[PDB]
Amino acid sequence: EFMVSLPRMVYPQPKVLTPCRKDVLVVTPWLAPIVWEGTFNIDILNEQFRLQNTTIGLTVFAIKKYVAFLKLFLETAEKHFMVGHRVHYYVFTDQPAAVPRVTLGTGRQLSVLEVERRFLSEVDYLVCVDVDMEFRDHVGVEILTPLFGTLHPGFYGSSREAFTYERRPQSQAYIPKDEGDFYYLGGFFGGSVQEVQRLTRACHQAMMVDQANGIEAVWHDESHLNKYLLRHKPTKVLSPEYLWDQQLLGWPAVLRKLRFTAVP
């Protein structure tokens, strides 16, 4: 679509002969960037997405006891998630009345869905995450792209052989030992509404086939997500900065920021 020009901007000149990071891979073999702190200038990116009046949908499921995590989740999202852009929260829950009344910033709204074309006409991108988490730092438009996956915090430095993919050929999520790029997290993925719906559609159909064959992938949804992203390469990959567990993994030097974390 037609994109208006950016305005004059003053910032440090990128250095061709100076790599962003020398400690991590910042681009995949299919030329998709791997998002690490230091790889992006958020001011430039904010401009690009605001000029498009981008709206980001954030979906979360809060069933049973999980509704207790909504308060902290939404409060921290208000401080760190897509601040400055239009955000539409979609809370899928079996307890609508238990959803906490969280004060939202302007241009941000929340819909409670008790437990789709609606998404296509309301938002431009969909971000799907787990509710038992909290934002601790910036999570912005640098992640937006047609399709993105997140590097699992406990496997980013492992060989594909060690990845806990589904290894049974009887499963639709099956991935042999000599295949695999990364091990993506089932708890943080997204992209354009169209790409997210295509992925969800493919995973549901795959899980149904497994269901009929009497088999369940070792890591359920996450196993199918990994098979899907192996066959349809994400256009951006998020670093472990985007989903970390400090209590369990600490704070490695490779992580300059801990943006989204598990709640102990």
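We number the residues from 1 along the sequence you see.
A.B. asks: As recorded in the PDB entry, how many deposited residues are without coordinates between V115 and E116: none, 1 to 3, 4 to 9, or 10 or more?
C.D. replies: According to the record, 10 or more deposited residues lack coordinates from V115 to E116.
A.B. asks: Please compare 125-133 with 162-170 and say which has the higher mean C-alpha temperature factor in the record.
C.D. replies: The entry gives the higher C-alpha B-factor average to 162-170.
A.B. asks: Where do the C-alpha atoms have the higher mean temperature factor in this entry, in 209-217 or in 32-40?
C.D. replies: Higher mean C-alpha B-factor: 209-217.
A.B. asks: Among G187, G84, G157, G140, single out the one with the highest C-alpha B factor in the record, please.
C.D. replies: The record points to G157.
A.B. asks: Name the residue from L72, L147, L151, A97 with the greatest C-alpha temperature factor listed in the entry.
C.D. replies: Comparing C-alpha B-factors across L72, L147, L151, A97, the maximum falls on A97.
A.B. asks: Going by the entry, which third of its chain does the Cα temperature factor of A77 land in?
C.D. replies: It falls in the bottom third of the chain.
A.B. asks: Using the temperature factors of the C-alpha atoms in this entry, rank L243 within its chain: lowest, middle or highest third.
C.D. replies: Lowest third.
A.B. asks: Ordered by C-alpha B-factor within the chain, which third holds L110? Give me lowest, middle or highest, please.
C.D. replies: Its C-alpha B-factor belongs to the middle third of this chain's values.
A.B. asks: Rank-wise, by C-alpha B-factor, drop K236 into the lowest, middle or highest third of its chain.
C.D. replies: For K236, whose C-alpha B-factor we compare with every modelled residue in the chain, the answer is the lowest third.
A.B. asks: What third of its chain's C-alpha B-factors does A62 belong to: lowest, middle or highest?
C.D. replies: Tercile = highest for this residue's CA B-factor.
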